[PDB]
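These are the residues of each chain, in order.
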Amino acid sequence: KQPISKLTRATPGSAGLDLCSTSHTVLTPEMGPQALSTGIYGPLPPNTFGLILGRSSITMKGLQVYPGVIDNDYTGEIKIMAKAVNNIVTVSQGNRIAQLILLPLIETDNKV
Amino acid sequence: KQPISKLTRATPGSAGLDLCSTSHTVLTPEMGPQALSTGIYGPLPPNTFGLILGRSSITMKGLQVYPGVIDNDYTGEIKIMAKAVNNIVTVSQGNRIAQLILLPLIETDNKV
Amino acid sequence: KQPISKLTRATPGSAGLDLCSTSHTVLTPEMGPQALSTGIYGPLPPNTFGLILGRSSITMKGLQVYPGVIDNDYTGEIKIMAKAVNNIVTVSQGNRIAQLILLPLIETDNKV
Ligand SMILES: O=c1ccn([C@H]2C[C@H](O)[C@@H](COP(=O)(O)NP(=O)(O)OP(=O)(O)O)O2)c(=O)[nH]1
Ligand SMILES: O=c1ccn([C@H]2C[C@H](O)[C@@H](COP(=O)(O)NP(=O)(O)OP(=O)(O)O)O2)c(=O)[nH]1
Ligand SMILES: O=c1ccn([C@H]2C[C@H](O)[C@@H](COP(=O)(O)NP(=O)(O)OP(=O)(O)O)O2)c(=O)[nH]1
Ligand SMILES: [Mg+2]
Ligand SMILES: [Mg+2]
Ligand SMILES: [Mg+2]
């Protein structure tokens, strides 16, 4: 297992940490949502939660990433939920497919 | 009407407040986006805004929730904007279909 | 080029800055994702990043906006990544098609 801290940013001002697919995978529209492995695991830094979002270059090439919420205390593997929009999409091993954004986790009095 | 404060978190580290559908609804791909009732109303806590996002277990079962922005001062009913991706999806009353994330509302000098 | 500061909010409590299309464009489902011009450019205020999200009235009319991350130091044109869901969608010049949300950019020790 590899932690969040192993992820990298494209540039200092890049909002997201890049997430790569660990397998070669082919996706077609009729397959619907698929969960792609990353080999990267939660949990997140205290007081933060994560959002998985698409990279625009990948979205424009026809692979939609469904935004996903990563809970602060999640300790499982971060998977990318993805669907081919219109056409056959081929993802190669180590391709940068999504990005992880970290956001503040607001406290509320909501019952847990 | 029920306020945000009545919503619940799965767990202390869960980023989202769960949103349930108040009706039994069937969705097919050809129907396009549908607004599902929740019986839950704005407004939000001061200096925050909301984002409606899908639950991953639901996304992977073929129901896409379109991310929605809930404005701080919205006082209407929070509805879930949803679409069946590929197949017929059946939502039962009280099923947890989406989640509400609260985020800080940044001030800017943009004209209003 | 026009900066972010020229954008406007619907109302004081509106989380988003409105983004309008600079061209008349027709979209059909088979076309897949399209990048719509806005004539608005980065960069963003220090310590913030942007998220492009759909307006709910537009989503419910059948035009999906793919959430997009705007990096702090992006200096290019902000484009709206959009797809007609089920039907033919016609976007007119100056129509409000998306919104820009500003969020805090969290610092991490991730290698850049
Ligand atoms: O795209 C995603 C979304 C979620 N996740 C993981 C991280 C998060 O902590 C966990 C829970 O996600 P959701 O709350 O959105 N799913 P759900 O509500 O269906 O499951 P649970 O009831 O356990 O919260 O699933 C992913 O790995 N990828
Ligand atoms: O998924 C959603 C998205 C928005 N909303 C509500 C809450 C928000 O305050 C209100 C406005 O949403 P948008 O700003 O995204 N819609 P639009 O720009 O089309 O309407 P308005 O011009 O009034 O802001 O709609 C939902 O109930 N569900
Ligand atoms: O919907 C979008 C998404 C991104 N963008 C721009 C702003 C952002 O700074 C830039 C990078 O977006 P992504 O990081 O999501 N794309 P990608 O990872 O494919 O490119 P890069 O490797 O340069 O980061 O693209 C848009 O204009 N519209
Ligand atoms: Mg990127
Ligand atoms: Mg959940
Ligand atoms: Mg709006």
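Per the PDB record, this model was obtained through X-ray crystallography at a reported resolution of 1.6000 Å.

Neighbouring residues of ligand 3: 13 residues in total, closest A:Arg55, A:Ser57, A:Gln99, C:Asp71 and C:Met81. Surrounding ligand 3 is a set of residues that belongs to chains A and C. Interatomic distance of 2.4 Å between a side-chain N/O atom of A:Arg55 and an oxygen atom of ligand 3. Interatomic distance of 2.4 Å between a side-chain N/O atom of A:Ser57 and an oxygen atom of ligand 3. For ligand 3, the protein covers 80% of the area, taking 580 Å² as the surface of the free molecule. When contributions to the shell around ligand 3 are tallied by element, the ones reaching two or more residues are α1 (56-59) of chain A together with β8 (68-70) of chain C. Of all the elements, β8(C) adds the most residues to the shell around ligand 3, at three residues.

This part covers the environment of A:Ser57. Residue and element names in this part refer to chain A. On the secondary structure map, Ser-57 appears in helix α1. Overall, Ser-57 belongs to the partly exposed group, its relative accessible area being 31%. Separated by 17 residues in sequence, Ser-57 and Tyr-74 have C-alpha atoms that sit 28 Å apart.

A word on the relation of the copies chain C and chain A. With an RMSD of 0.0 Å, the operation that places chain C on chain A is a rotation of 120° combined with a shift of 0.0 Å along the axis. What the rotation and shift describe, once combined, is the action of a three-fold rotation axis. Residue by residue, only 15% of the interface of chain C is reproduced at the interface of chain A, so the copies engage with different surfaces.

To continue, consider the pairing of strand β11 (residues 96-104) of chain B. The side chains of a regular strand alternate between both faces of the sheet. Residue and element names in this part refer to chain B. Pairing of strand β2 (residues 17-20) with β11 involves four bridges; the strand directions are antiparallel. Residue pairing in the sheet places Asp-18 in a bridge with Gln-99 of β11. Judged from the seven bridges that link them, strand β6 (residues 48-54) and β11 form a sheet pairing that is antiparallel. When the sheet's bridge partners are listed, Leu-51 is paired in β11 with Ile-101.

To continue, consider empty space enclosed by the protein. If you add up the space inside the largest cavity, you get close to 90 Å³. Lining the largest cavity are A:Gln64, A:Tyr66, A:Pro67, B:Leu53, B:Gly54, B:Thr59, B:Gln64, B:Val65, B:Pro67, C:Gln64 and C:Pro67. In the lining of the largest cavity, the residues fall into six nonpolar, five polar and no charged.

Let's shift gears to the environment of B:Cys20. All names here are of chain B. Among the secondary structure elements, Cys-20 is positioned in strand β2. Judged by relative accessible area, which is 29%, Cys-20 ranks as partly exposed. In sequence terms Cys-20 and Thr-59 are 39 residues apart; their C-alpha atoms lie 15 Å from each other.

So, about the interface of chain C and chain A. With 26 residues of chain C at the interface, the matching set in chain A holds 28 residues. Counting only elements with at least two residues in the side of chain C that touches chain A, the list comes to β4 (34-36), β6 (48-54), β9 (80-84) and β11 (96-104) of chain C.

Time to look at the site of ligand 2. In the neighbourhood of ligand 2, 13 residues make up the surrounding shell, with B:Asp71, B:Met81, C:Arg55, C:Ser57 and C:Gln99 lying closest. Around ligand 2, the nearby residues trace back to chains B and C. In this structure, B:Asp71 approaches ligand 2 through a side-chain N or O atom, which is 2.9 Å from an oxygen atom. Taking C:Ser56, its main chain carries an N or O atom lying 3.0 Å from an oxygen atom of ligand 2. Protein contacts shield 80% of the accessible area of ligand 2, which totals 570 Å² for the unbound molecule. Looking at the shell around ligand 2, the element that brings in the most residues is strand β8 (residues 68-70) of chain B, giving three residues.

Residue and element names in this part refer to chain C. Read from one edge of the open sheet, three strands run β4-β9-β7, paired in antiparallel fashion. Since the sheet does not close on itself, it has two edges, and those belong to β4 and β7 (63-65), each with one partner. Put simply, the sheet's adjacent strands are angled 40° from each other on average, direction ignored. Here β4 runs beside β9; their pairing, made up of three bridges, is antiparallel. Bridge pairing links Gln-34 to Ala-82 in β9.

Conventions used here
Residues numbered from 1 in each chain as written, not as in the entry; some residues may be left out. Chains lettered and ligands numbered in written order. Heavy atoms only, no water. Residues with missing side-chain atoms left out of burial classes, pairs and counts. Near = heavy atom within 4 Å. Polar contact = N/O pair within 3.5 Å; in protein donor to acceptor, adjacent residues only side chain to side chain. Areas by Shrake-Rupley, 256 points an atom, 1.4 Å probe, with all protein chains shown as cover. Helix = DSSP H or I, 4+ residues; strand = E, 2+ residues; numbered from the N terminus. Buried < 20%, exposed > 50% of the residue type's maximum accessible area, 1.4 Å probe, protein only. Least-squares fit on C-alpha atoms. Contact = heavy atoms within 4.5 Å. Pairing = 2+ DSSP bridges. 1 Å grid on protein atoms, 1.4 Å probe; cavity = no way out; pocket = protein on both sides within 12 Å on 5 of 7 lines; lining within 4 Å. Points joined across faces, edges and corners; volume = space filled by probe spheres on them. Nonpolar A, V, L, I, M, F, W, Y, C, P; charged D, E, K, R; others polar. Axes fitted to C-alpha atoms, helices over the stretch in contact; angles between N-to-C directions.

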